[PDB]
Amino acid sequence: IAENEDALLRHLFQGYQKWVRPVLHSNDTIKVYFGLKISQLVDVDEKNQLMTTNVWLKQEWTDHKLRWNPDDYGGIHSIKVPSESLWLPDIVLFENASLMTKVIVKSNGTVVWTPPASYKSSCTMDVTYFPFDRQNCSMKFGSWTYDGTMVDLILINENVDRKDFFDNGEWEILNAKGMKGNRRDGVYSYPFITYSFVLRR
């Protein structure tokens, strides 16, 4: 086989600077579509009010530097590229608790990144219900480096993605909904997404 896959890569990352936002015009914000997918609830530590989860952080955005006509490159329309090479919006889980997988890049600039993660975030037993088999657990995600001027978050679904979720014997997910906030400290606006989990038993 003969791969102009190597030519596209050399042409795509020639003078690429992963630290410059890959916008066309410098006035532009980069829109990052975001969604949380849960694989399983690993453990609910009722003592320390903590929760550990296995999740994927679904991210998608446009990198206007990484755009090509497939006709020039043997009809390639998509390629897999290491996340370490790309500009990233640097979305993190806020209350410290995102492995560097590879990214998919498409000839129109769309980048799809879904890195897996394992987190231990804080919980809160619901005292309104007796017996006490409810817990309120929140996960808050947003860019660390870029304010809303430079990265805007778009929440792709009101619900956490659970199609591939593993029900663990000991707790059940009553609800898991995401909502957008735009609140952070300083003379800067920072958009974020809060996911609220209601766990039973």
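Start at 1 with the first residue shown and count on from there.
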Practice problem: Enter the number of deposited residues without atomic coordinates between residue 97 and residue 98, binned as none, 1 to 3, 4 to 9, or 10 or more. | Solution: 4 to 9
Quiz prompt | Segment of higher mean CA temperature factor, 118-126 or 85-93 | solution = 118-126
Practice problem: Going by the average Cα B-factor in the PDB entry, point out whether 169-177 or 32-40 comes out higher. | Solution: 169-177
Quiz item: At the C-alpha atoms, which of 53, 157, 69, 26 reaches the highest B-factor in this entry?
Solution: 26
Quiz prompt | Out of 15, 186, 191, 22, highest CA B-factor residue | solution = 186
Practice problem: Tell me, lowest, middle or highest third: where does the Cα B factor of residue 49 rank within its chain? | Solution: highest
Quiz item: In terms of the chain's CA B-factor thirds, is residue 58 lowest, middle or highest?
Solution: lowest
Quiz item: residue 141's Cα B-factor: lowest, middle or highest third of the chain?
Solution: lowest
Practice problem: Please place residue 147 in the lowest, middle or highest third of its chain by C-alpha B factor as given in the entry. | Solution: middle
Quiz item: Within this chain, which third does the Cα B-factor at residue 131 fall in: lowest, middle or highest?
Solution: highest
